[PDB]
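Remarks on the structure that follows.
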Amino acid sequence: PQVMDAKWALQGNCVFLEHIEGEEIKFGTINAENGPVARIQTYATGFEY
Amino acid sequence: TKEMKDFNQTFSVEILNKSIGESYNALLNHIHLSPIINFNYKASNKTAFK
């Protein structure tokens with residue numbers, strides 16, 4: 001294309017905590033990151049004779 | 001808790017099933033013999049020691 005499109009991807013986040021006798025465990029979290037964008041130009045030269 | 005099963009050497013689901021079975025058999029005995037025991041028997045049925 002004239003300009004490209006950013007890549008996307010999801011990621012989970014969690015940390016292992018100490019779990020003493022019969023407690024509630026704290027959940028994790030999901031998040032997304034996106035890539036950058038690139039584009040392409042045009043060039044040209046010529047001659048007349 | 002999973003910790004109690006995993007860490008306790010002697011605890012197991014086998015003893016829990018044993019307790020369940022024992023209480024179940026005793027429940028069956030009670031259900032099927034307590035009507036006989038708790039019934040208010042009339043004088044027609046009852047027989048003295050004599």
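The chains in the structure tokens are called A, B, ... from first to last as shown; in each chain the residues are counted from 1, and the ligands are counted from 1 in the order shown.
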Should the cut-off be 10 Å, what would the residue list for chain A against chain B look like, counting only C-alpha atoms, as a PyMOL selection string?
chain A and resi 20-23
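If you measure from each of A:5, A:48, A:24, A:18 to residue 36 of chain A using only C-alpha atoms, the closest one turns out to be A:5.
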Excluding same-chain residues fewer than 4 positions from residue 15 of chain A, what lies within 10 Å of it counting only C-alpha atoms, as a tab-separated table (two decimals) with N, CA, C and O atoms, in the first residue's frame?
```
chain	number	residue	atom	x	y	z
A	26	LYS	N	-4.50	-13.22	43.54
A	26	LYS	CA	-4.78	-12.00	42.80
A	26	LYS	C	-4.56	-12.24	41.32
A	26	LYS	O	-3.50	-12.73	40.92
A	27	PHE	N	-5.55	-11.87	40.51
A	27	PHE	CA	-5.52	-12.19	39.09
A	27	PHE	C	-4.51	-11.31	38.36
A	27	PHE	O	-3.94	-10.36	38.90
A	28	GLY	N	-4.30	-11.64	37.09
A	28	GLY	CA	-3.38	-10.92	36.23
A	28	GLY	C	-4.08	-9.86	35.40
A	28	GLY	O	-5.16	-9.37	35.75
A	29	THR	N	-3.45	-9.51	34.28
A	29	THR	CA	-3.94	-8.45	33.42
A	29	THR	C	-3.45	-8.70	32.00
A	29	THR	O	-2.35	-9.22	31.80
```
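For the pair atom CA of residue 43 of chain A and atom CA of residue 2 of chain A, the separation is 13.7 Å.
DSSP, applied to the backbone of this structure, assigns strand (DSSP E) to the following residues of chain A: residues 8, 9, 10, 11, 12, 13, 29, 30, 31, 32, 33 and 34 of chain A.
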